[PDB]
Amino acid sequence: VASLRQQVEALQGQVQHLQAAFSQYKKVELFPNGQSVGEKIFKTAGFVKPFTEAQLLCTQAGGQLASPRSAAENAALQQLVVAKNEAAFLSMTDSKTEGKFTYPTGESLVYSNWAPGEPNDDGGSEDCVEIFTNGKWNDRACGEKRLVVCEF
């Protein structure tokens, strides 16, 4: 009772100090290659890779390629693209059904920010998606190399 109470007050002090230390370290971690938005975190590897290799890096790391599902998420991702000045690959593709872009899960897009005229499947072989420094999207060949950005 009395012992338990003070034991609770003591443990909470420890937990709140931990919350403070963690919050500080989270900010430190995100600088300068990450961006937090909502409960999602985007982080770039700082280099470019073809889609398949980029996808594998994110999955092996316990996440997946950047999948902006709102204007806010797209804006956060855009910050990293602008910072590295390198267009990045998104996770979505229309490899299964041409013209129908989906997330790795197979779910259809719930948000899109296609540049005017896109997606055009240029050359009849653009099944991956890249995001430019202006935040707009363009379908591009999966074999091209683009900035690797994962979401966790």
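Counting begins at 1, following the sequence as shown. The term rigid core refers to the maximal set of C-alpha atoms that superpose within 1.5 Å between the two forms.
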| query | finding |
| --- | --- |
| Between 19-27 and 5-13, larger RMS Cα displacement in 9 other deposited structures of this protein after core fit | 5-13 |
| Per the entry, higher mean C-alpha B factor between 30-38 and 98-106 | 98-106 |
| Greater mean Cα temperature factor according to the PDB record, 143-151 or 2-10 | 2-10 |
| Position of residue 48 among the chain's modelled residues by C-alpha B-factor, lowest, middle or highest third | middle |
| Cα B factor band for residue 134 (lowest, middle or highest third within the chain) | highest |
| Position of residue 67 among the chain's modelled residues by C-alpha B-factor, lowest, middle or highest third | lowest |
| B-factor third for the C-alpha atom of residue 111 within its chain | highest |
| Within-chain third of residue 125 by Cα B-factor, per the entry | highest |
